[PDB]
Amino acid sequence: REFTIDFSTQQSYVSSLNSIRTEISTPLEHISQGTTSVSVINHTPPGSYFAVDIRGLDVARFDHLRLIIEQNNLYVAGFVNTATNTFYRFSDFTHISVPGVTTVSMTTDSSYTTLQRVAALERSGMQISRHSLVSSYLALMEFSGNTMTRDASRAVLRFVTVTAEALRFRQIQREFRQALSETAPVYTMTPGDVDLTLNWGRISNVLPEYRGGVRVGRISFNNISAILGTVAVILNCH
């Protein structure tokens, strides 16, 4: 199953993320206002994945990058060069099998720990713009081989943040989407954004029990609107 994340405009980015969320998850009854909710990922068999086609980096070019995402946990299993028809797969996702593509089993694992080392780039303070997403796209299209390089690791860190982490966290969707406007400002990932991503599992475990503020580690939600403003999609663990 294939979805597009369209970076053409702020509105195309948000609506394409919402379209994915509606297809893979179901809103929580107690955390909904209007058309906006926290949603729980629908259960799928182990190894289920979907594809994300990256589009609209230039407001029709730069259109050969595809991400493979494990559906139950939204981790990025690797990336596909659709021009060469090659799937570069992280070493901890050998259970994800994409037919019809040449699969390269990389020596590098998907963890942020590993990727930040190879990238020599910490996520706290990492900057993302339309320009650096284009640069990241070109790095991934040029990448070949079995071991991730510095430029490809930086590319993955940027793209994972604006796809998988934005799908999870409305806060990250909202702070990055500004970068797609014609003014083209730069998104800076904050320590708070990083804290969110590090707490996704427990947040996913706490929110289904929430009724009518709540706190998980360093993340504090004072009311429903703060929850909705921050979290979009949670794991199915309860």
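Throughout, we count residues from 1 along the sequence that is shown.
Coordinates are absent for 1 to 3 residues of the deposited sequence placed between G212 and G213. In this entry, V59 and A60 are separated by 1 to 3 residues of the deposited sequence that lack coordinates. For the two regions 91-99 and 108-116, the entry's Cα B-factors average higher over 91-99. Higher mean CA temperature factor between 29-37 and 195-203: 29-37, per the PDB entry. Per the PDB record, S220 has a higher Cα B-factor than any other of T230, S16, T22, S220. Looking at the C-alpha B-factors along this chain, the one for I172 belongs to the lowest third. Sorting the modelled residues of the chain by their CA temperature factor places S144 in the highest third. For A184, the recorded CA temperature factor ranks within the highest third of the chain's modelled residues. Split the chain's modelled residues into thirds by C-alpha temperature factor. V162 is in the lowest one. The PDB entry assigns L121 a C-alpha temperature factor belonging to the highest third of its chain's modelled residues.
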